[PDB]
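Below, in structure tokens: the form deposited in one PDB entry, a single chain.
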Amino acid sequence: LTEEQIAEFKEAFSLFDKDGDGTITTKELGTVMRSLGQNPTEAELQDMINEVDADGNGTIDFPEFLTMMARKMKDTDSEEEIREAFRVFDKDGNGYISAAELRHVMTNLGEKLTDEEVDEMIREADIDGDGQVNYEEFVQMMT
């Protein structure tokens, strides 16, 4: 969270990433674990990576290492990032994105949409039919 903490985690990442290619492999993670007296199996090292492996490529990049350093699972971390995006649109903070809020924030992000384009976007995302898009409907719209 803090600028100091993140700088500490970047130091740790660079240490673990011995070849400097920007990703931590099971081999690199195993070296560290064994220097700290553990004896994880190859399967257990792979599970440690899979727990934070948001993009599914089987190695840890720095954004996923931040998840690991926060001691979180990738599902918790992804939900937090989706909610950050949701709050960009939910300007009044009431937990629902209105047509006006969607039109407004989209316009200020450079996407000029017609009023009809906006109405249909809300209608498509609005599962329960209340005329607004709540968080779980937002999650579903992004699949």
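Numbering starts at 1 and runs along the sequence shown.
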Inset, instruction - Using only the Cα atoms and their B-factors as the entry lists them, report which of 1-9 and 133-141 averages higher. - result: 1-9
Inset, instruction - On mean C-alpha B-factor from the PDB entry, just flag whether 36-44 or 83-91 is the higher one. - result: 36-44
Legend entry - Maximum C-alpha temperature factor, selected from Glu51, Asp61, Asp77, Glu111: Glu111
Legend entry - Identity of residue with top Cα B-factor, from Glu28, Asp55, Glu117, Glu101: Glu117
Inset, instruction - Place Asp128 in the lowest, middle or highest third of its chain's C-alpha B-factors, as listed in the PDB entry. - result: highest
Inset, instruction - Among all modelled residues of this chain, ranked by Cα B factor, put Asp21 in the bottom, middle or top third, i.e. lowest, middle or highest. - result: middle
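Keep in mind the form deposited with a partner chain bound is missing from the figure; the text below concerns it.
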Inset, instruction - Please run the contact check for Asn57 against its partner chain in the deposited complex: heavy atoms, 4.5 angstroms, yes or no? - result: no
